[PDB]
C-alpha cells in the first residue's frame, strides 16, 4: 500500500539506522529468514554472494517458501515481501528484489521493483529436484545516499557468529566483484 512508501520515508524507524550498519541489517534480515527455516527443521546450508553489480544473493536449502493463498486473499510470497524486522522492509529499501523458490518439484520466480512494487506475479519458470529459497536484492542509492556497497569483513563477522550460534550449518560468503574476489566458509 502506502506502507512501503512509509519505510522509504523513515527507514531508520524500521531498520536500526540509515547508515552502513542499516544497509548490512538488510542482509541479516534475509539470512534470519533462512535461519528461521533451519530452526523449523529444514536446511543446513546458507550461501551469501556479493554480485558484480553490488546486489546480494542469500540462498538456502530449506523447504522453499509456501506458494499458496494467504488469509488476506493475496498469494503468500507476495504478502511476505509487501506487507509490514520483515522481508517487506528489505523490499521497500531496494530498487529491485527477486525471489526464486525450489519447492514441490517446481521453480517459482517473483520480481519486485522501485521500492517493492510487484513487477510480475509468482511465475513457474522450470522444474527441479532441489529445494529452497534464493533472495537477491539491490539496495536503493536514493535511501543509502552515502553508500550501497557491502563490506565483506562486516558480513563475515556476523555470518561466523550465526554459524557458531546455530551449529551444523555451513555458511558460505562469496564476493564476485571485479578485483576484490574472496570466498569463505564457516561451520561449527
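Residue numbers count along the first chain shown, from 1.
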Between residue 84 and residue 85, how many deposited residues lack coordinates (none, 1 to 3, 4 to 9, 10 or more)? 10 or more
Residue stretch of maximal mean CA temperature factor, 22 to 30 vs 66 to 74: 66 to 74
Averaging CA B factors per stretch from the PDB record, which one is higher: 121 to 129 or 51 to 59? 121 to 129
Peak C-alpha temperature factor (PDB record), options 151, 136, 40, 160: 40
Chain-relative C-alpha B factor for residue 45 (record values, thirds): the lowest
Using the B-factor values recorded in the entry, state whether the Cα atom of residue 106 falls in the lowest, middle or highest third among the modelled residues of its chain. highest
By the entry's values, the third containing the CA B factor of residue 176 is the middle
How does residue 146 rank on Cα B-factor within its chain, lowest, middle or highest third? highest
